[PDB]
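Asks: Let's see this in three dimensions:
(chains A, B and C)
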Amino acid sequence: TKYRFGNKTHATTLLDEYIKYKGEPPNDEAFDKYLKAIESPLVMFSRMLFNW
Amino acid sequence: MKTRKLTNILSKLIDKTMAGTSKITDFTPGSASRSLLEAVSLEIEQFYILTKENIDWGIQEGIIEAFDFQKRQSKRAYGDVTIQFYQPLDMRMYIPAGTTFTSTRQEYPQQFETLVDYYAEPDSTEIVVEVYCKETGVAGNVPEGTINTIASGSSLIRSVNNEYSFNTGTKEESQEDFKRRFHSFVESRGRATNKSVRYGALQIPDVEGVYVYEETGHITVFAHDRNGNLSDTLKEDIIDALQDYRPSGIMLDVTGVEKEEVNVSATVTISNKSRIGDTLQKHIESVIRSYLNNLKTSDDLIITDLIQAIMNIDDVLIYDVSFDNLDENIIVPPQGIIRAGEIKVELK
Amino acid sequence: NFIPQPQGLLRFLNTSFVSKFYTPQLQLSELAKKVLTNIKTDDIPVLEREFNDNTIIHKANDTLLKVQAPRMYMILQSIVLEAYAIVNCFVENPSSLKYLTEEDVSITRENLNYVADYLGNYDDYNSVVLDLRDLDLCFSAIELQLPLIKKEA
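Replies: Numbers count the residues shown, from 1 in each chain, chains lettered A, B, ... in the order given. Below you will find the coordinate block:
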C-alpha cells in the first residue's frame, strides 16, 4: 500500500526465499527480484467453407 | 546520365533539321512537324526521367541484395479496450477467444481481434482486454472513442469504448531509419570499438535505444525494450550476441536503466475557438505521453523537438505552446530514461 | 453533396527567367473564381486519413520550389485550382460547367508548359514534371472537346 508499487505473489516469493535463507541469501538478486518484477473450430469451419 | 529537358531537345532537333539541307521547312507553332518534334522530345524526356528513377531503384535494390542487411516488417497496432456493463455480473462469464472488435465510422472500418482467453469475474462492472489490429498498417492508430462495436457480445454489455488512441501501428520501415541503421552497420565492421558494441546491441529487434559507457577496462551497456524493461532472457541474449562483438580481454556488464518521472503541465493556444473540445485535449495528452515513450537513453529533455512534434499535428490549428517550469533542458544521466510523466493541458 | 477533400489538398488550395516558347499571363477563369470563393467562405467537409501518397502529398510540398520560387508556386496553385474546377462539375453538380470556355483551358496549358520547362533545369524534382506532362495532354483533350460537350448537353 504505502509505496509506489505493490504485488502480493511477487512479494510473497521474495519472503519465501528470504525466510528459507534465514534473511541472508547467497545473492543480492533476492532484493532485486521484487524491484525488477514490479513496474477455433468455428473459425476454421467458416473459413474452409468459404474457400470451397 | 544528365537530364535533358524538352526545350533543349527541341532546339537541337530544329538545328539538325535546318542544317540537314532543308530551307523550305519551317517550325512555326501549329505545324505538324513542330508537334511531332515536341512529342519526340517529350518521349526522350520521359525516357531520361524513367532512366534516372530506375537508376535510383537499382542502387537501392543492389544495396539490399549486397550483404545480408534488410529492413524489417511493420508492427501490428494494439491497444486496450474498455467494457461497460449495465450491472455488475452475478456469475463468472467466459469470453470466447477470437472475439472481433470493430467500429461503425466509415473512416475506420478496420477490424481487431483478441489473442488470449479472458474471464469476467462476478461483481465486476468493467473489464479491459488487449486487442491486436489484423491489418498491418497505420490504419490501426484510431483516435479516441472509435472502436464502439463487439461481436458475439451478450446483453449484459452496455458500452464499448477505448479510453486512449493506440498510436502504436506503423508502416514499413522508414528509408531514413534504414539508412541510419545501415550506417551503424558499416561503421561497426571494425570490431572492438564503441560503435561495434553499439551495433551488436542494437541488432536485436526487441531492444531499442541502447547506450554505452566506457570506464577503464570496464564496458557497460544500458539496454531496454520499448516498454523500458529488461527481462533476464533478453538480457542474456544481448550478452551472447555481444560476446562475438565484445573486445577481448575487457569487462562487460549490463544493468538495465532507471526511469524518471517529470510533469510537463503543457499549455496550448488554439486558433479555432469552435474546434476546442475535450476530445482534442485527450488527443494532445495522448500524443505528448506517446512522445515521452519510445525515447532513447542519455538524451536531454529537449523542448524544441517536443513543440515541433506537437505542432506537427496541425500547423494552422495549433497556434503556440508554452511551459511553466521545464523551459530549460533537463540533462539525463547515462542510466536515466525519461518515460513516465503526468500531462495536464491548460488551454488559454 | 460534395465528397470531403483531403487535408493536404485543402491546405494547399487555400492560398528573371522566362521561356521563349510559352509564357504565362496569371489569368484565372470565372469557374475557378467561383470555386475559390466557395472554399474560402463555406466550410467544406474534409477527410481525416491521408493514405493516398500521390499528387501534392510529399511532392509539391516536399520540393524547395515553395521557398525558392514563390511566383512559380503561384502557377502550380492556379493549375490545381483549374484542374480541380473542371473535375468538380463533371463528377457532380454539372450546373457550373456553363461558365467554362475554350480560352479558360488554353491559358492553363501555357502556364503548365512554362513551369514545366523551368522544373526541367532541376535534376532532383523531375517527379513533379512526370505528372505535369501527363496532365498537360489531359487539358488539351478538354480544349479540343469542351465546345462539343456543352452543345451536346
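Asks: contacts, neighbours, all on C-alpha from now
Replies: Will do.
Asks: Enumerate the residues of chain B near chain C.
Replies: B:3-7, B:46, B:49, B:107 (CA under 8 Å from any CA of the partner chain).
Asks: for the lengthiest helix in chain B, which positions count as buried?
Replies: Counting by DSSP state H, the longest helix found in chain B is helix B:32-65. Along helix B:32-65, these residues count as buried under the neighbour rule (16 or more other CA atoms under 10 Å in any protein chain shown): B:34, B:37-38, B:40-42, B:44-46, B:48-49, B:52.
Asks: One more: stretch C:144-153?
Replies: residue C:146.
Asks: Would it count as contacting chain B?
Replies: No: Stretch C:144-153 lies out of reach of chain B by CA under 8 Å from any CA, never closer than 13.8 Å.
Asks: which secondary structure element contains the residue of chain A at minimum distance from chain C?
Replies: Relative to chain C, the nearest point of chain A is residue A:47 (29.2 Å; CA to the nearest CA). Element membership for residue A:47 (DSSP states H and E) is helix A:41-51.
Asks: In CSV, could you pull the C-alpha coordinates for that helix?
Replies: Extracted as CSV, the C-alpha positions of helix A:41-51 are listed here (Å, rounded to 0.1, in the frame of the first residue of the first chain):
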residue,chain,number,x,y,z
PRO,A,41,-13.2,-24.9,-34.9
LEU,A,42,-15.9,-22.3,-35.6
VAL,A,43,-13.4,-20.0,-37.4
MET,A,44,-11.8,-22.9,-39.3
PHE,A,45,-15.1,-24.4,-40.5
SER,A,46,-16.3,-21.0,-41.6
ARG,A,47,-13.0,-20.3,-43.4
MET,A,48,-12.7,-23.6,-45.3
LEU,A,49,-16.4,-23.4,-46.2
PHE,A,50,-15.8,-20.0,-47.9
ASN,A,51,-12.8,-21.5,-49.7
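Asks: Residues contacting it, please?
Replies: Counting by CA atoms under 8 Å, 6 or more residues apart in numbering or on different chains, helix A:41-51 has no neighbours from elsewhere in the structure.
Asks: Check stretch A:17-35 too.
Replies: A:10-11, A:14.
Asks: contacting residues for the closest residue to chain B within chain C?
Replies: Nearest residue of chain C to chain B: residue C:120, at 5.3 Å (CA to the nearest CA). Counting by CA under 8 Å, 6+ apart, residue C:120 makes contact with B:3-6, C:126, C:129.
Asks: Quick check: it vs residue B:253, distance?
Replies: With distances taken as CA to CA, to the nearest Å, residue C:120 is found 57 Å from residue B:253.
Asks: Isn't residue B:285 up against residue B:345?
Replies: Yes: using CA atoms under 8 Å, residue B:285 is in contact with residue B:345, at 7.1 Å.
Asks: what about the helices in the chain?
Replies: As the question left the chain open, I've gone with chain A. A:8-20, A:29-37, A:41-51.
Asks: ah, no, chain C please
Replies: Using DSSP H, helices in chain C cover C:7-13, C:30-41, C:65-68, C:70-91, C:102-119, C:126-143, C:146-152.
Asks: Relative to residue B:75, which of those helices is closest?
Replies: helix C:7-13 (25.9 Å; CA to CA).
Asks: can you give me the offset of the closest one from its chain's centre?
Replies: 12 Å (CA atoms, centre = their mean, to the nearest Å).
Asks: Stretch B:41-61 too?
Replies: 30 Å.
Asks: residues in contact with that stretch?
Replies: By CA under 8 Å, 6+ apart, the list of residues contacting stretch B:41-61 reads B:1, B:3-7, B:9-10, C:126-127, C:130.
Asks: rewinding a little: common neighbours of residue B:285 and residue B:345, please.
Replies: Common neighbours of residue B:285 and residue B:345 (CA under 8 Å, 6+ apart) do not exist.
Asks: okay, those two: which has more neighbours?
Replies: Using other CA atoms under 10 Å in any protein chain shown as the criterion, residue B:285 and residue B:345 rank with residue B:285 on top: 20 against 14.
Asks: so which strand or helix has that one?
Replies: helix B:278-292.
Asks: which of the residues in that helix are buried?
Replies: For helix B:278-292, burial by neighbour count (16+ other CA under 10 Å) applies to B:281-282, B:284-290, B:292.
Asks: buried sites along the helix or strand following it?
Replies: The helix or strand immediately downstream of helix B:278-292 is helix B:303-311, counting by DSSP H and E. Residues of helix B:303-311 classed as buried by neighbour count (16+ other CA under 10 Å): B:303, B:307, B:310-311.
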